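Peer 1: Here's a structure for you.
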Amino acid sequence: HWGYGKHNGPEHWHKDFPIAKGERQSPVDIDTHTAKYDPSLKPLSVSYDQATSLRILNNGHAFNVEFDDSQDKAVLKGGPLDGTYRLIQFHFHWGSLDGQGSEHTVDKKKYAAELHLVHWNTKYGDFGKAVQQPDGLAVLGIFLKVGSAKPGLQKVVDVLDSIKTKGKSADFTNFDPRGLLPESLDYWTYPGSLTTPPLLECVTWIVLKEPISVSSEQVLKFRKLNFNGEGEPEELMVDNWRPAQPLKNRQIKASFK
């Protein structure tokens, strides 16, 4: 099945998922000089005060922090969006070394990691229905650089030892995703896709300009995770990023001058 190796990685995905060669694939390189300021874009509204995290999962690709999405508890609105989008999960993509790891790039710069907060449009009732719509999902993307520790990340880091291998989960209640956001909510936005199979072209991307800082020790803990299951040959969970895809007939818009 798909993964990140030489034999199953991103250049192979098109054989099982032909939309991989589609018109609105993600990630992309954000050319800061050609993204245009759009004064019609609104500030983003991130309302995570009542978010209810439940569990963390090693799915064999990354780890997912899952939320209770059975009410409007953690919602994204505004920005480029029409209506209300509910938080369902977050996850990261990261590198083997600090010079790579992000999916989006900024003027070809790769960050050490990238966080995706995934939200689905409430007008479609559930996530599985939402991913079938061109405006079904809104993903908030946040870059990670290595420097000072991010205190709000440490609870995640702490728990990773308990989910080392594919298929392991653990209770992860009471985690506050607000502690993962940068100070500014300035963003770029464009229409794209999920960055893992099935690669569905259902996402409004909102990529924050300001990276968060995490420490080398935090990132190093991500790189101790395993893509394999218990008792199988160890293959470190690193380099679980899809490279930038062709922009095609798309515009990237900036919320800021």
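Going by the structure tokens order, chains are called A, B, ..., each with residues numbered from 1, while ligands are numbered from 1 in the order shown.
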Near residue 205 of chain A, within 8 Å and counting only C-alpha atoms, which residues show up once chain neighbours fewer than 3 positions away are dropped, as a ChimeraX atom specification?
Peer 2: /A:138-141,188-192
Peer 1: If you run DSSP on this backbone, which residues of segment 20-226 of chain A come out as helix (DSSP H, G or I), and could you give them as a VMD selection string?
Peer 2: chain A and resid 20 to 21 122 to 124 127 to 130 151 to 163 177 to 180 216 to 222
Peer 1: Sorted by chain and rising residue number, list the residues of segment 59-83 of chain A at most 12 Å from segment 151-160 of chain A (counting only C-alpha atoms), each with its closest atom pair and distance in Å to one decimal, as JSON lines.
Peer 2:
{"residue": "A:62", "atom": "CA", "partner": "A:160", "partner_atom": "CA", "distance": 11.0}
{"residue": "A:63", "atom": "CA", "partner": "A:160", "partner_atom": "CA", "distance": 8.7}
{"residue": "A:64", "atom": "CA", "partner": "A:156", "partner_atom": "CA", "distance": 10.3}
{"residue": "A:65", "atom": "CA", "partner": "A:156", "partner_atom": "CA", "distance": 8.6}
Peer 1: Just the residues within 12 Å of residue 14 of chain A, please, counting only C-alpha atoms, with nothing from its chain fewer than 3 positions along; format it as a PDB file with N, CA and C atoms, in the first residue's frame.
Peer 2:
ATOM      1  N   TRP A   2       0.314   2.375  -0.057  1.00  0.00           N
ATOM      2  CA  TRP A   2       1.076   3.602  -0.278  1.00  0.00           C
ATOM      3  C   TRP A   2       1.882   3.957   0.889  1.00  0.00           C
ATOM      4  N   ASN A   8       7.000   2.964  -2.866  1.00  0.00           N
ATOM      5  CA  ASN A   8       5.587   3.241  -2.653  1.00  0.00           C
ATOM      6  C   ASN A   8       5.274   4.725  -2.410  1.00  0.00           C
ATOM      7  N   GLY A   9       6.248   5.577  -2.663  1.00  0.00           N
ATOM      8  CA  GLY A   9       6.155   6.971  -2.238  1.00  0.00           C
ATOM      9  C   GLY A   9       5.408   7.792  -3.269  1.00  0.00           C
ATOM     10  N   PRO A  10       5.410   9.135  -3.045  1.00  0.00           N
ATOM     11  CA  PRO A  10       4.653  10.058  -3.831  1.00  0.00           C
ATOM     12  C   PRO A  10       4.669   9.913  -5.314  1.00  0.00           C
ATOM     13  N   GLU A  11       5.796   9.553  -5.970  1.00  0.00           N
ATOM     14  CA  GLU A  11       5.813   9.417  -7.457  1.00  0.00           C
ATOM     15  C   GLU A  11       5.025   8.184  -7.879  1.00  0.00           C
ATOM     16  N   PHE A  17      -4.259   6.256  -7.444  1.00  0.00           N
ATOM     17  CA  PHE A  17      -5.017   7.430  -7.256  1.00  0.00           C
ATOM     18  C   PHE A  17      -4.706   8.403  -8.386  1.00  0.00           C
ATOM     19  N   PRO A  18      -5.355   8.223  -9.565  1.00  0.00           N
ATOM     20  CA  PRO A  18      -4.984   9.044 -10.707  1.00  0.00           C
ATOM     21  C   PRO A  18      -5.181  10.551 -10.542  1.00  0.00           C
ATOM     22  N   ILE A  19      -5.990  11.002  -9.594  1.00  0.00           N
ATOM     23  CA  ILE A  19      -6.103  12.444  -9.321  1.00  0.00           C
ATOM     24  C   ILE A  19      -4.799  13.049  -8.825  1.00  0.00           C
ATOM     25  N   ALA A  20      -3.863  12.177  -8.458  1.00  0.00           N
ATOM     26  CA  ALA A  20      -2.550  12.700  -8.104  1.00  0.00           C
ATOM     27  C   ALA A  20      -1.980  13.618  -9.157  1.00  0.00           C
ATOM     28  N   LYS A  21      -2.402  13.474 -10.414  1.00  0.00           N
ATOM     29  CA  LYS A  21      -1.981  14.308 -11.540  1.00  0.00           C
ATOM     30  C   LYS A  21      -3.051  15.324 -11.909  1.00  0.00           C
ATOM     31  N   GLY A  22      -3.952  15.665 -11.008  1.00  0.00           N
ATOM     32  CA  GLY A  22      -5.103  16.502 -11.194  1.00  0.00           C
ATOM     33  C   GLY A  22      -4.724  18.001 -11.301  1.00  0.00           C
ATOM     34  N   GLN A  25      -3.928  19.919  -7.118  1.00  0.00           N
ATOM     35  CA  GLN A  25      -3.212  19.106  -6.109  1.00  0.00           C
ATOM     36  C   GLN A  25      -2.408  19.992  -5.161  1.00  0.00           C
ATOM     37  N   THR A 196      -2.335  13.374   1.185  1.00  0.00           N
ATOM     38  CA  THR A 196      -2.185  11.932   1.224  1.00  0.00           C
ATOM     39  C   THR A 196      -3.327  11.346   0.452  1.00  0.00           C
ATOM     40  N   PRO A 197      -3.078  10.084  -0.080  1.00  0.00           N
ATOM     41  CA  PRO A 197      -4.204   9.347  -0.673  1.00  0.00           C
ATOM     42  C   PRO A 197      -5.445   9.358   0.245  1.00  0.00           C
ATOM     43  N   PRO A 198      -6.638   9.616  -0.253  1.00  0.00           N
ATOM     44  CA  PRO A 198      -6.998   9.573  -1.689  1.00  0.00           C
ATOM     45  C   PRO A 198      -6.828  10.869  -2.469  1.00  0.00           C
ATOM     46  N   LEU A 199      -6.152  11.866  -1.900  1.00  0.00           N
ATOM     47  CA  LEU A 199      -5.740  13.048  -2.713  1.00  0.00           C
ATOM     48  C   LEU A 199      -6.914  13.878  -3.220  1.00  0.00           C
TER      49      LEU A 199
END
Peer 1: What gap, in Å, lies between atom CA of residue 212 of chain A and atom CA of residue 4 of chain A?
Peer 2: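 Atom CA of residue 212 of chain A sits 24.9 Å away from atom CA of residue 4 of chain A.
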Peer 1: Which neighbours of residue 164 of chain A fall inside 10 Å, counting only C-alpha atoms, when residues of the same chain fewer than 4 positions from it are skipped, and could you give them as a PyMOL selection string?
Peer 2: chain A and resi 57-58+60+63+159-160+168-169+222+224-230+236-237
Peer 1: Can you check which parts of segment 12-45 of chain A lie within 8 Å of segment 97-120 of chain A? Per residue, the shortest pair of atoms and distance in Å to one decimal, counting only C-alpha atoms, sorted by chain and number, as CSV.
Peer 2:
residue,atom,partner,partner_atom,distance
A:26,CA,A:104,CA,7.9
A:27,CA,A:104,CA,5.0
A:28,CA,A:104,CA,5.3
A:29,CA,A:105,CA,4.7
A:30,CA,A:106,CA,4.8
A:31,CA,A:107,CA,4.9
A:32,CA,A:107,CA,6.3
Peer 1: Could you tell me how far atom CA of residue 40 of chain A lies from atom CA of residue 142 of chain A, in Å and to one decimal?
Peer 2: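 Taking atom CA of residue 40 of chain A and atom CA of residue 142 of chain A, their separation equals 22.4 Å.
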Peer 1: Choose the residue, out of A:95, A:83, A:211, A:5, that has the smallest atom-to-atom separation from residue 143 of chain A; count only C-alpha atoms.
Peer 2: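 Nearest candidate to residue 143 of chain A out of A:95, A:83, A:211, A:5: A:211.
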